[PDB]
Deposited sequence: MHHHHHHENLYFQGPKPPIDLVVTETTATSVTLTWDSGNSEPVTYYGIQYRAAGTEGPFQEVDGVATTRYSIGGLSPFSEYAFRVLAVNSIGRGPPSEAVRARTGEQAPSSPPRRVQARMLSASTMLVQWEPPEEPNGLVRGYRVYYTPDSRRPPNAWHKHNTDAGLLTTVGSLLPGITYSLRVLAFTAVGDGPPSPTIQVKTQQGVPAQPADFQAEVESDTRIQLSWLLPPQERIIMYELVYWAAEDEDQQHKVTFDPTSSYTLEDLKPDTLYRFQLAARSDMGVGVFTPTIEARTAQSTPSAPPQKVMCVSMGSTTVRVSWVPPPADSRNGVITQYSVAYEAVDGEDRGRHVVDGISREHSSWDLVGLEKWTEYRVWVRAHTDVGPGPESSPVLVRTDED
(Lines of atoms letter the chains of each structure in order from A and count residues from 1; the text may use other names and numbers.)
(Lines give C-alpha, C1' and ligand atoms only; values in the text may rest on other atoms or scores of the structure.)
Protein backbone atom coordinates (compact mmCIF):
# COMPACT_ATOMS: atom_id res chain seq x y z
CA UNK A 1 0.00 0.00 0.00
CA UNK A 2 0.90 3.68 -0.17
CA UNK A 3 2.08 5.39 3.03
CA UNK A 4 -0.45 7.63 4.78
CA UNK A 5 0.11 11.32 4.14
CA UNK A 6 -2.23 13.24 6.48
CA UNK A 7 -0.31 12.39 9.65
CA UNK A 8 -1.21 15.05 12.24
CA UNK A 9 -0.39 15.52 15.93
CA UNK A 10 -3.65 16.26 17.76
CA UNK A 11 -2.79 16.13 21.48
CA UNK A 12 0.38 16.41 23.56
CA UNK A 13 0.92 15.81 27.27
CA UNK A 14 4.01 15.15 29.37
CA UNK A 15 3.95 11.42 28.55
CA UNK A 16 1.53 10.87 25.65
CA UNK A 17 0.93 11.93 22.04
CA UNK A 18 -2.34 11.33 20.16
CA UNK A 19 -2.14 10.90 16.38
CA UNK A 20 -4.75 10.86 13.62
CA UNK A 21 -4.52 10.20 9.89
CA UNK A 22 -7.88 0.42 0.97
CA UNK A 23 -5.78 -0.94 3.83
CA UNK A 24 -6.26 -3.35 6.66
CA UNK A 25 -4.39 -1.62 9.52
CA UNK A 26 -1.52 0.75 10.27
CA UNK A 27 1.80 0.61 12.09
CA UNK A 28 3.32 3.49 14.07
CA UNK A 29 7.13 3.57 14.24
CA UNK A 30 9.00 6.09 16.37
CA UNK A 31 12.47 6.94 17.65
CA UNK A 32 14.12 9.93 19.28
CA UNK A 33 16.42 11.75 16.87
CA UNK A 34 19.51 12.13 19.06
CA UNK A 35 19.25 8.55 20.35
CA UNK A 36 20.03 5.20 18.71
CA UNK A 37 19.16 4.21 15.15
CA UNK A 38 16.73 1.32 15.77
CA UNK A 39 13.13 2.51 15.96
CA UNK A 40 10.54 1.34 18.44
CA UNK A 41 7.42 -0.17 16.89
CA UNK A 42 3.69 -0.25 17.67
CA UNK A 43 1.93 -2.85 15.54
CA UNK A 44 -1.71 -3.51 14.72
CA UNK A 45 -3.47 -0.14 14.73
CA UNK A 46 -6.87 -0.94 13.21
CA UNK A 47 -8.12 2.67 13.37
CA UNK A 48 -6.78 5.99 12.10
CA UNK A 49 -6.40 7.43 15.62
CA UNK A 50 -4.09 6.33 18.43
CA UNK A 51 -2.38 7.68 21.55
CA UNK A 52 1.21 6.65 22.29
CA UNK A 53 1.94 6.70 26.02
CA UNK A 54 4.97 6.12 28.20
CA UNK A 55 7.09 8.92 26.76
CA UNK A 56 9.66 10.98 28.65
CA UNK A 57 8.97 14.66 29.42
CA UNK A 58 10.79 17.40 27.50
CA UNK A 59 12.16 14.91 24.97
CA UNK A 60 12.10 15.16 21.18
CA UNK A 61 10.82 12.16 19.20
CA UNK A 62 10.30 11.34 15.53
CA UNK A 63 7.21 9.54 14.23
CA UNK A 64 6.37 7.90 10.91
CA UNK A 65 3.58 5.62 9.67
CA UNK A 66 3.48 2.87 7.05
CA UNK A 67 0.44 1.10 5.61
CA UNK A 68 -0.24 -2.63 5.27
CA UNK A 69 -2.96 -4.56 3.46
CA UNK A 70 -3.53 -8.21 2.52
CA UNK A 71 -0.65 -8.02 0.02
CA UNK A 72 1.93 -6.73 2.49
CA UNK A 73 3.48 -3.63 4.01
CA UNK A 74 4.35 -0.37 2.32
CA UNK A 75 7.01 2.33 2.60
CA UNK A 76 6.80 4.63 5.63
CA UNK A 77 5.43 8.15 5.53
CA UNK A 78 7.51 11.27 6.05
CA UNK A 79 8.66 11.80 9.63
CA UNK A 80 7.04 14.38 11.91
CA UNK A 81 8.47 16.13 14.97
CA UNK A 82 7.07 16.24 18.50
CA UNK A 83 8.18 17.37 21.96
CA UNK A 84 6.51 16.08 25.11
CA UNK A 85 5.09 18.32 27.81
CA UNK A 86 6.67 19.58 31.01
CA UNK A 87 6.71 18.25 34.58
CA UNK A 88 8.32 19.38 37.80
CA UNK A 89 12.08 18.75 37.96
CA UNK A 90 13.14 15.38 39.35
CA UNK A 91 16.83 16.11 40.06
CA UNK A 92 18.60 18.99 41.82
CA UNK A 93 21.06 21.40 40.21
CA UNK A 94 24.52 19.91 39.74
CA UNK A 95 27.98 20.92 40.99
CA UNK A 96 26.81 23.67 43.33
CA UNK A 97 29.65 25.90 44.51
CA UNK A 98 30.00 29.14 46.43
CA UNK A 99 32.64 31.57 47.66
CA UNK A 100 32.83 34.97 49.34
CA UNK A 101 33.35 37.82 46.88
CA UNK A 102 33.54 40.51 49.57
CA UNK A 103 32.82 40.87 53.28
CA UNK A 104 29.08 40.60 52.60
CA UNK A 105 28.67 39.25 49.03
CA UNK A 106 28.87 35.59 48.01
CA UNK A 107 28.96 34.13 44.50
CA UNK A 108 26.94 30.98 43.83
CA UNK A 109 27.29 28.77 40.76
CA UNK A 110 25.81 25.47 39.59
CA UNK A 111 24.97 23.30 36.59
CA UNK A 112 21.51 22.43 35.26
CA UNK A 113 19.79 19.38 36.74
CA UNK A 114 20.11 16.09 34.90
CA UNK A 115 16.31 15.60 34.95
CA UNK A 116 14.68 19.01 34.36
CA UNK A 117 11.47 17.54 32.87
CA UNK A 118 10.83 20.86 31.15
CA UNK A 119 12.16 24.35 30.52
CA UNK A 120 13.68 25.85 33.66
CA UNK A 121 12.09 29.20 34.52
CA UNK A 122 14.44 29.99 37.41
CA UNK A 123 16.10 28.80 40.59
CA UNK A 124 15.58 29.24 44.33
CA UNK A 125 18.66 29.55 46.55
CA UNK A 126 18.25 28.75 50.25
CA UNK A 127 20.96 29.83 52.69
CA UNK A 128 21.43 30.33 56.42
CA UNK A 129 24.18 31.37 58.85
CA UNK A 130 23.07 28.61 61.26
CA UNK A 131 22.82 25.07 59.91
CA UNK A 132 20.83 24.13 63.03
CA UNK A 133 17.90 26.19 61.74
CA UNK A 134 15.15 24.19 60.03
CA UNK A 135 15.41 24.24 56.22
CA UNK A 136 12.26 26.31 55.73
CA UNK A 137 13.70 29.01 58.01
CA UNK A 138 16.48 29.76 55.51
CA UNK A 139 16.42 32.89 53.37
CA UNK A 140 15.14 32.42 49.81
CA UNK A 141 16.73 34.22 46.85
CA UNK A 142 15.11 33.72 43.44
CA UNK A 143 17.13 33.91 40.21
CA UNK A 144 16.54 33.40 36.50
CA UNK A 145 17.69 30.48 34.32
CA UNK A 146 21.35 31.52 34.55
CA UNK A 147 23.85 29.13 36.11
CA UNK A 148 25.32 31.61 38.62
CA UNK A 149 24.20 34.43 40.89
CA UNK A 150 25.32 36.75 43.69
CA UNK A 151 23.79 37.33 47.12
CA UNK A 152 24.57 40.51 49.03
CA UNK A 153 23.76 41.92 52.47
CA UNK A 154 25.20 38.83 54.17
CA UNK A 155 26.32 39.02 57.75
CA UNK A 156 30.13 39.29 57.94
CA UNK A 157 32.43 36.97 59.81
CA UNK A 158 30.27 33.86 59.47
CA UNK A 159 30.34 30.75 57.26
CA UNK A 160 27.07 30.14 55.42
CA UNK A 161 25.38 26.94 54.31
CA UNK A 162 23.56 26.81 51.00
CA UNK A 163 21.63 24.65 48.57
CA UNK A 164 19.83 25.44 45.31
CA UNK A 165 16.78 23.97 43.58
CA UNK A 166 15.41 24.45 40.07
CA UNK A 167 11.82 25.02 39.01
CA UNK A 168 10.02 24.90 35.68
CA UNK A 169 6.59 26.35 34.93
CA UNK A 170 5.11 23.30 36.70
CA UNK A 171 6.78 23.44 40.10
CA UNK A 172 9.96 23.23 42.13
CA UNK A 173 12.48 20.42 41.94
CA UNK A 174 14.48 18.82 44.73
CA UNK A 175 17.22 20.86 46.42
CA UNK A 176 20.89 20.06 46.01
CA UNK A 177 22.94 18.71 48.92
CA UNK A 178 23.98 21.46 51.31
CA UNK A 179 27.34 23.04 50.50
CA UNK A 180 29.66 25.41 52.36
CA UNK A 181 30.83 28.66 50.77
CA UNK A 182 34.58 29.27 50.54
CA UNK A 183 36.52 32.24 51.90
CA UNK A 184 38.54 34.97 50.22
CA UNK A 185 42.07 33.65 49.75
CA UNK A 186 44.41 36.37 50.97
CA UNK A 187 41.81 38.45 52.83
CA UNK A 188 42.64 38.68 56.56
CA UNK A 189 40.40 37.61 59.42
CA UNK A 190 38.15 39.69 61.63
CA UNK A 191 40.42 41.27 64.27
CA UNK A 192 40.36 39.59 67.67
CA UNK A 193 40.22 41.00 71.21
CA UNK A 194 39.33 44.48 69.95
CA UNK A 195 39.30 46.86 72.92
CA UNK A 196 39.09 50.59 73.60
CA UNK A 197 40.74 52.39 76.53
CA UNK A 198 39.85 55.98 77.47
CA UNK A 199 43.06 57.96 78.00
CA UNK A 200 41.72 61.50 78.47
CA UNK A 201 39.03 63.87 77.20
CA UNK A 202 40.71 63.87 73.76
CA UNK A 203 42.59 60.54 73.49
CA UNK A 204 41.45 56.93 73.16
CA UNK A 205 43.91 54.07 72.61
CA UNK A 206 42.63 51.08 70.64
CA UNK A 207 44.23 47.67 71.10
CA UNK A 208 43.91 44.17 69.65
CA UNK A 209 45.98 41.05 69.06
CA UNK A 210 48.26 41.04 66.03
CA UNK A 211 47.55 37.93 63.92
CA UNK A 212 50.43 35.44 63.70
CA UNK A 213 51.96 34.70 60.29
CA UNK A 214 49.44 36.72 58.29
CA UNK A 215 50.47 39.11 55.52
CA UNK A 216 48.96 42.19 57.16
CA UNK A 217 49.67 45.40 55.26
CA UNK A 218 47.62 48.05 57.09
CA UNK A 219 44.65 48.42 59.43
CA UNK A 220 41.54 50.49 58.73
CA UNK A 221 39.77 52.06 61.71
CA UNK A 222 36.32 53.58 61.14
CA UNK A 223 34.82 55.66 63.94
CA UNK A 224 32.01 58.17 64.36
CA UNK A 225 30.08 60.09 66.99
CA UNK A 226 26.88 58.38 68.11
CA UNK A 227 24.96 61.65 67.69
CA UNK A 228 26.29 62.12 64.13
CA UNK A 229 25.63 58.72 62.54
CA UNK A 230 25.78 60.36 59.09
CA UNK A 231 29.32 61.75 59.54
CA UNK A 232 32.01 59.08 59.88
CA UNK A 233 35.81 59.01 59.84
CA UNK A 234 38.47 56.58 58.64
CA UNK A 235 42.21 56.43 59.39
CA UNK A 236 44.74 53.96 57.96
CA UNK A 237 48.10 53.12 59.50
CA UNK A 238 50.97 50.64 59.31
CA UNK A 239 50.61 47.24 61.02
CA UNK A 240 50.73 47.25 64.82
CA UNK A 241 48.87 45.89 67.84
CA UNK A 242 47.78 49.24 69.30
CA UNK A 243 46.86 52.72 68.09
CA UNK A 244 46.09 55.90 70.04
CA UNK A 245 43.44 58.17 68.55
CA UNK A 246 43.92 61.82 69.49
CA UNK A 247 42.13 65.17 69.21
CA UNK A 248 38.69 63.77 70.05
CA UNK A 249 35.85 65.86 71.42
CA UNK A 250 35.30 65.73 75.20
CA UNK A 251 32.16 64.12 76.65
CA UNK A 252 31.37 62.40 73.34
CA UNK A 253 30.31 58.80 72.76
CA UNK A 254 32.32 57.22 69.93
CA UNK A 255 31.76 53.96 68.06
CA UNK A 256 34.50 51.82 66.54
CA UNK A 257 34.94 49.10 63.94
CA UNK A 258 38.25 47.64 62.77
CA UNK A 259 39.23 45.68 59.67
CA UNK A 260 42.43 44.22 58.24
CA UNK A 261 43.65 44.68 54.67
CA UNK A 262 46.17 42.45 52.90
CA UNK A 263 47.44 42.58 49.33
CA UNK A 264 44.19 40.80 48.39
CA UNK A 265 41.87 43.39 49.97
CA UNK A 266 40.17 44.28 53.24
CA UNK A 267 38.54 41.74 55.54
CA UNK A 268 35.34 41.92 57.54
CA UNK A 269 34.95 44.62 60.18
CA UNK A 270 34.76 43.94 63.88
CA UNK A 271 31.38 44.44 65.55
CA UNK A 272 30.75 47.95 66.81
CA UNK A 273 32.28 48.86 70.17
CA UNK A 274 31.68 52.07 72.10
CA UNK A 275 33.58 54.48 74.33
CA UNK A 276 32.81 57.93 75.76
CA UNK A 277 35.55 60.52 76.12
CA UNK A 278 36.17 62.10 79.50
CA UNK A 279 34.88 65.55 80.40
CA UNK A 280 36.86 68.76 80.11
CA UNK A 281 36.26 72.34 81.13
CA UNK A 282 33.69 74.35 79.14
CA UNK A 283 35.04 76.06 76.04
CA UNK A 284 32.39 78.79 75.63
CA UNK A 285 30.78 81.28 78.01
CA UNK A 286 27.05 81.66 78.65
CA UNK A 287 25.20 83.52 75.91
CA UNK A 288 22.79 86.46 75.77
CA UNK A 289 24.12 88.06 78.95
CA UNK A 290 22.03 91.06 80.04
CA UNK A 291 22.16 93.39 83.04
CA UNK A 292 19.42 95.68 84.37
CA UNK A 293 19.45 97.93 87.45
CA UNK A 294 15.99 97.77 89.03
CA UNK A 295 16.88 100.17 91.85
CA UNK A 296 19.56 102.38 93.38
CA UNK A 297 21.57 99.48 94.87
CA UNK A 298 20.45 96.41 92.88
CA UNK A 299 21.40 95.01 89.47
CA UNK A 300 19.76 91.99 87.82
CA UNK A 301 21.96 89.86 85.55
CA UNK A 302 20.41 87.41 83.08
CA UNK A 303 21.96 84.74 80.87
CA UNK A 304 21.35 81.43 79.12
CA UNK A 305 23.61 78.35 79.38
CA UNK A 306 26.37 77.90 76.78
CA UNK A 307 25.39 76.09 73.57
CA UNK A 308 25.05 72.37 74.16
CA UNK A 309 27.89 71.43 71.80
CA UNK A 310 30.44 73.55 73.72
CA UNK A 311 29.68 72.50 77.31
CA UNK A 312 32.08 69.50 77.24
CA UNK A 313 30.16 68.09 80.19
CA UNK A 314 27.24 68.72 82.50
CA UNK A 315 27.23 72.29 83.80
CA UNK A 316 27.50 71.97 87.58
CA UNK A 317 27.82 75.53 88.91
CA UNK A 318 28.26 79.19 88.02
CA UNK A 319 30.45 81.93 89.47
CA UNK A 320 30.15 85.71 89.28
CA UNK A 321 33.10 88.06 89.72
CA UNK A 322 32.88 91.84 89.94
CA UNK A 323 35.29 94.78 90.06
CA UNK A 324 34.59 98.53 90.14
CA UNK A 325 36.99 100.90 88.39
CA UNK A 326 35.64 104.16 89.85
CA UNK A 327 34.06 103.08 93.13
CA UNK A 328 35.98 102.15 96.26
CA UNK A 329 33.36 86.85 94.14
CA UNK A 330 30.31 84.61 94.56
CA UNK A 331 30.90 80.99 93.56
CA UNK A 332 28.88 77.83 94.08
CA UNK A 333 25.86 79.19 92.21
CA UNK A 334 23.73 76.14 91.44
CA UNK A 335 23.32 75.01 87.84
CA UNK A 336 19.57 75.69 87.83
CA UNK A 337 20.01 79.47 88.21
CA UNK A 338 19.44 81.60 85.12
CA UNK A 339 19.69 84.91 87.00
CA UNK A 340 21.20 86.25 90.22
CA UNK A 341 20.61 89.52 92.07
CA UNK A 342 23.66 91.59 92.99
CA UNK A 343 22.80 93.58 96.12
CA UNK A 344 24.54 96.33 98.05
CA UNK A 345 26.00 98.25 95.12
CA UNK A 346 26.81 101.96 95.15
CA UNK A 347 24.49 104.55 93.64
CA UNK A 348 25.30 105.70 90.09
CA UNK A 349 28.36 103.42 90.04
CA UNK A 350 29.63 101.30 87.15
CA UNK A 351 30.86 97.75 87.79
CA UNK A 352 32.54 95.18 85.58
CA UNK A 353 30.69 91.85 85.62
CA UNK A 354 31.72 88.46 84.21
CA UNK A 355 29.65 85.26 84.10
CA UNK A 356 31.28 81.84 84.02
CA UNK A 357 30.19 78.21 83.60
CA UNK A 358 31.67 75.15 85.32
CA UNK A 359 31.90 71.40 84.84
CA UNK A 360 33.31 68.86 87.27
CA UNK A 361 36.70 69.38 85.61
CA UNK A 362 36.70 73.10 86.34
CA UNK A 363 35.63 76.53 85.11
CA UNK A 364 35.39 77.46 81.46
CA UNK A 365 35.98 80.89 79.95
CA UNK A 366 33.92 83.87 81.06
CA UNK A 367 31.83 86.11 78.84
CA UNK A 368 32.88 89.56 77.74
CA UNK A 369 31.96 91.98 80.54
CA UNK A 370 28.68 93.89 80.36
CA UNK A 371 28.59 97.36 81.92
CA UNK A 372 25.65 98.55 84.02
CA UNK A 373 25.00 101.52 86.32
CA UNK A 374 22.74 101.50 89.36
CA UNK A 375 19.80 103.88 89.84
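No C-alpha positions are given for the deposited-sequence stretches 1-14, 36-41, 349-353, 401-402.
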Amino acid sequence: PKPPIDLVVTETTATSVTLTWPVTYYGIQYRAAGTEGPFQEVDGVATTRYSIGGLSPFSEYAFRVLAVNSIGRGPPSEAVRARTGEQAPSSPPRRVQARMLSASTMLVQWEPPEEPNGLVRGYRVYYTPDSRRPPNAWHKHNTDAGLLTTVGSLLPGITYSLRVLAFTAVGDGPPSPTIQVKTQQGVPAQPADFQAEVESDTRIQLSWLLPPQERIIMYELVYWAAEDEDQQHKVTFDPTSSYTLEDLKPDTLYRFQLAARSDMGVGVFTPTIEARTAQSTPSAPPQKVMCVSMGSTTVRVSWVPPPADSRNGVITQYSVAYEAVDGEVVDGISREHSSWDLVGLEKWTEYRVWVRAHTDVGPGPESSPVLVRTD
From here on, numbers count along this sequence of modelled residues.
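Look at the mean CA B-factor for 292-300 and for 205-213 in the entry; the higher one is 292-300. The mean C-alpha temperature factor is higher for 71-79 when 178-186 and 71-79 are set side by side.
The entry lists a Cα temperature factor for residue 120 that places it in the highest third of the chain's modelled residues. In the PDB entry, a CA B factor belonging to the highest third of its chain's modelled residues is recorded for residue 85.
When all modelled residues of the chain are sorted by CA temperature factor, residue 136 is found within the highest third.
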